[PDB]
Amino acid sequence: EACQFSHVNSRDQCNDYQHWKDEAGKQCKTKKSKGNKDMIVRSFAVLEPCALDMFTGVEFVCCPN
């Protein structure tokens, strides 16, 4: 019912801030609730650090808005 939390972080998953912003967006959009519903992305911020301008993983929140 309420908003849900979802993150993506792996050893190879190393992408730029902007790149993640888009990916995290698709991860939530493509994802759905038990009732095959839809959910947007309420919050978003990178997690683990990667190369100069990259992150090994990213965390983002989803909402049924």
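Heads up, residue numbers simply count up from 1 along the chain you see.
In case you wondered, yes, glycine gets a Cβ from its N, Cα and C as well.
Taken from Swiss-Prot, the feature disulfide bond covers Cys3-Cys63 (among others). Non-local neighbourhood of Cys63 (disulfide bond): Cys3, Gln4, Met39, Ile40, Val41, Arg42, each in the same chain, at least six residues away, with C-beta under 8 Å from its C-beta.
According to Swiss-Prot, the feature disulfide bond maps to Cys14-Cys50 (among others), an assignment based on experimental evidence. Under the three-state DSSP scheme, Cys50 (disulfide bond) falls in the strand class.
Neighbour density for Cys28 (disulfide bond): within 10 A of its CB lie 21 other CB atoms from the protein chains shown. Marked as disulfide bond by Swiss-Prot on the basis of experimental evidence: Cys28-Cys62 (among others).
Taken residue by residue with DSSP, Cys14 (disulfide bond) is part of neither helix nor strand, so it is coil. The separation of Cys14 (disulfide bond) from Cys28 (disulfide bond), Cα to Cα, is 19 Å.
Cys62 (disulfide bond) and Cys14 (disulfide bond) are 22 Å apart (CA-CA, integer value).
Around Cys50 (disulfide bond), the same-chain residues six or more apart in sequence whose CB sits under 8 Å from its CB are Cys14, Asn15, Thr56, listed in sequence order.
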